[PDB]
Amino acid sequence: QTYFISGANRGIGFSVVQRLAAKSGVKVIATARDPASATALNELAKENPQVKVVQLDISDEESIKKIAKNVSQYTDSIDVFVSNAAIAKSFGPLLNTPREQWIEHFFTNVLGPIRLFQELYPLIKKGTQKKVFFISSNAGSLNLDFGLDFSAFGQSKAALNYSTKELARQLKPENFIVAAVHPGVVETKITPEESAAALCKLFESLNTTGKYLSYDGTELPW
Amino acid sequence: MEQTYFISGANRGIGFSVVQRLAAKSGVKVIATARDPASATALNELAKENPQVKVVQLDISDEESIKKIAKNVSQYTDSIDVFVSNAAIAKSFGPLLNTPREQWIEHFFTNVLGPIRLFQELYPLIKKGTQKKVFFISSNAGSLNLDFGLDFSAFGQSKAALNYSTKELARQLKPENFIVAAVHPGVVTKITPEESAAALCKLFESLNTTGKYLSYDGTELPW
Ligand SMILES: NC(=O)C1=CN([C@@H]2O[C@H](COP(=O)(O)OP(=O)(O)OC[C@H]3O[C@@H](n4cnc5c(N)ncnc54)[C@H](OP(=O)(O)O)[C@@H]3O)[C@@H](O)[C@H]2O)C=CC1
Ligand SMILES: NC(=O)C1=CN([C@@H]2O[C@H](COP(=O)(O)OP(=O)(O)OC[C@H]3O[C@@H](n4cnc5c(N)ncnc54)[C@H](OP(=O)(O)O)[C@@H]3O)[C@@H](O)[C@H]2O)C=CC1
């Protein structure tokens, strides 16, 4: 079973790859913007050569244009796709959010994942599990009130949520399992190791498409 | 008792019908925008007959046009009572795998960033007015909780993103007594733009509560 994970160099992404590298019969395509600086992940891949380290910047269309061939070097298929790489840089009031923050969150957090999926769709189509996870945020819900504003961050997660919902409908006949997942705050904060563990078991047990899920397996409103 | 309205995309469609409807009311000044005012025949004709209609250039896809809207509107008015972000595009429908990069980008810049930047530039003028009413012309296709059995692709995504930011804005400007709404103007099941405009103008007049997602008939939609 081939897993693909964007942003595997640090955070939850690293913790998810750490966990898969201990699981027998798991090939892992792990991405980093800058693999030669990805010390922890390059070490992970040397001690566990089933872990393949590939370049991806999801903000960079030229990098996304290369991801299908970069993945194609190591596998004929993807079972479980995880769009994890993302940014969270702008919060607070709309009047105080400049153009560049709106633009950056759209390109990195919405366009990136849509283009990434478009490029890797043929490889996912040939796999067995056809499981597709976009790492989202509960802040992206149009129906939760945290007593906070999330500015471009929140808008970006809501935009990708909208398209994830549509993708779930569109791919249901091809028996794809498409989910948006809040990995927790790494609300009580959790360790990347804890988010990873919960995410892993969610990834294995999820059998229906079109869900918006917290890491604990409970549903969120869109 | 004189009210100023700002309507973007006033050269045709709902915007034109809204400006046409406001032009008939006494004591209402209208700042009406067009991408290309020289070719805005019907709107220019309306402005010739009714001097309370001022026509100004605005391209909401264009940061350079948006950077000028505040100073240009200020030649015609010291305040805006009712702001209506109507100018937008609807060019991208159907499945995610068939929607190329440029359609996602165009709907982001035109339908999300444009309205947000336009509001930022015009806020001071709206702050200075009495009604403090802020309308974003959205779509029921932007809802995260409606199913129409249609794919809305970059159009729907853009309406959901603008919806997300509208709801936040309503929270931020509640202590300044702003009324902020996202409004579905109808499908122009279909109605005419003059029917939409009649319903929309009644809605803009009566709404006295912020943070609503409404249809033209004044019923609420789920976000
Ligand atoms: N943490 C939380 O509480 C919650 C967060 N989330 C999501 O969880 C995700 C997990 O991120 P996490 O690693 O834990 O935290 P960080 O944001 O600290 O790290 C983000 C990851 O994304 C990568 N990344 C950033 N920009 C790009 C880019 N342009 N191209 C490619 N990769 C990029 C980073 O690489 P690099 O090291 O080079 O910067 C890194 O792997 C978040 O990215 C977010 O969308 C959602 C809800 C809850
Ligand atoms: N009517 C419906 O059934 C539905 C429509 N809506 C909303 O309805 C509103 C009005 O629709 P309708 O009256 O039929 O519009 P039309 O389709 O007839 O025209 C759209 C308007 O937007 C203007 N516009 C487009 N791009 C720009 C730009 N870059 N800068 C400035 N103005 C621009 C147009 O100008 P130009 O002539 O130069 O193109 C025109 O005034 C829109 O906000 C739309 O999102 C929402 C969903 C459902």
Side-chain angles (χ1 to χ4, degrees), chain B residues 1-58 60 69-88 115 118-119 121-138 173 176-186 188 191-210 212 214-219:
Chain B
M1 208 72 186
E2 178 188 46
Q3 291 202 1
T4 303
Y5 284 62
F6 181 86
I7 315 296
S8 58
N11 56 293
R12 76 189 157 111
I14 296 156
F16 177 74
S17 285
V18 167
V19 170
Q20 195 46 275
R21 163 87 169 199
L22 294 171
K25 298 185 163 191
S26 55
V28 162
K29 175 186 288 173
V30 196
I31 315 307
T33 84
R35 226 215 301 223
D36 181 22
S39 66
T41 312
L43 175 61
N44 292 329
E45 299 268 37
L46 209 206
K48 188 165 88 161
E49 302 303 3
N50 190 342
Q52 297 249 47
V53 178
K54 321 303 178 160
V55 184
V56 169
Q57 194 273 343
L58 174 63
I60 53 162
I69 195 56
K71 57 154 81 301
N72 286 349
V73 172
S74 296
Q75 301 191 276
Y76 287 116
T77 189
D78 299 336
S79 68
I80 299 166
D81 289 282
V82 187
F83 165 98
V84 185
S85 174
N86 167 81
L118 169 59
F119 176 76
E121 290 302 310
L122 291 192
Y123 163 73
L125 273 169
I126 297 162
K127 183 79 176 291
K128 274 164 111 69
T130 308
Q131 295 299 130
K132 289 163 173 52
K133 268 179 202 197
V134 175
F135 295 95
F136 292 101
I137 301 310
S138 185
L173 261 28
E176 296 176 38
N177 302 314
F178 279 65
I179 304 169
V180 178
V183 191
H184 174 58
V188 316
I191 68 177
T192 76
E194 60 273 21
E195 293 183 80
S196 179
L200 284 177
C201 286
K202 279 205 160 41
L203 211 212
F204 299 156
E205 207 84 0
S206 62
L207 186 61
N208 65 1
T209 204
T210 199
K212 291 295 181 290
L214 307 171
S215 201
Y216 62 93
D217 68 352
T219 66

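In what follows, every chain begins at residue 1, and chains take the letters A, B, ... in the order their sequences are listed. Computed from heavy atoms alone, side chains included, the values below leave out hydrogens, waters and symmetry copies.
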Open item on the list: Test: side chain to side chain donor-acceptor pair (under 3.5 Å). Region: residues 14-31 of chain B. Which pairs qualify, not counting sequence neighbours?
Closed with: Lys25(B)-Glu205(B)

Task: Sequence neighbours excluded - side chain to side chain donor-acceptor pair (under 3.5 Å) pairs with any residue from residues 6-16 of chain B - done: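 The answer is none; no pair qualifies.
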
- [ ] Answer yes if the ring centres of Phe6(B) and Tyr76(B) are under 6.0 angstrom apart, and no otherwise.
- [x] no

Open item on the list: Could you report the tightest heavy-atom contact between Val28(B) and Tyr5(B), atom names first, then the distance?
Closed with: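 Residues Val28(B) and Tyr5(B), closest heavy atoms: CG1-CD1, 4.1 Å.
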
Task: Closest contact, heavy atoms only, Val82(B) versus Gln131(B) - done: CG2-CB, 4.3 Å

Task: Atom pair OG1 (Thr4(B)) and CD1 (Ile126(B)), whose distance is rounded to the nearest 0.5 Å - done: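 The CD1 atom of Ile126(B) is 11.5 Å from OG1 of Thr4(B), to the nearest 0.5 Å.
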
Open item on the list: How long is the straight-line distance from OG of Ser85(B) back to CD1 of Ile137(B), given to the nearest 0.5 Å?
Closed with: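 So the CD1 of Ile137(B) and the OG of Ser85(B) are separated by 7.5 Å.
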
Restricting to side chain to side chain contact (heavy atoms under 4.5 Å, CB included), what partner residues turn up for [X], sequence neighbours left out?
{"X": "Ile179(B)", "answer": "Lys133(B), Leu207(B)"}
{"X": "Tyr216(B)", "answer": "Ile191(B), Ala199(B), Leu200(B)"}
{"X": "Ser215(B)", "answer": "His184(B), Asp217(B), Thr219(B), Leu221(B)"}
{"X": "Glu45(B)", "answer": "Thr41(B), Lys48(B)"}

TODO: Decide if atom CG of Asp36(B) counts as having more than 12 heavy atoms of other residues, nucleotides or ligands within a radius under 6.0 Å.
DONE: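 Count over threshold, so yes.
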
Task: Mutual orientation of the aromatic rings belonging to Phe135(B) and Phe204(B) [parallel < 30°, tilted 30-60°, perpendicular > 60°] - done: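 The rings of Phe135(B) and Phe204(B) sit tilted, inter-plane angle from 30° to 60°.
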
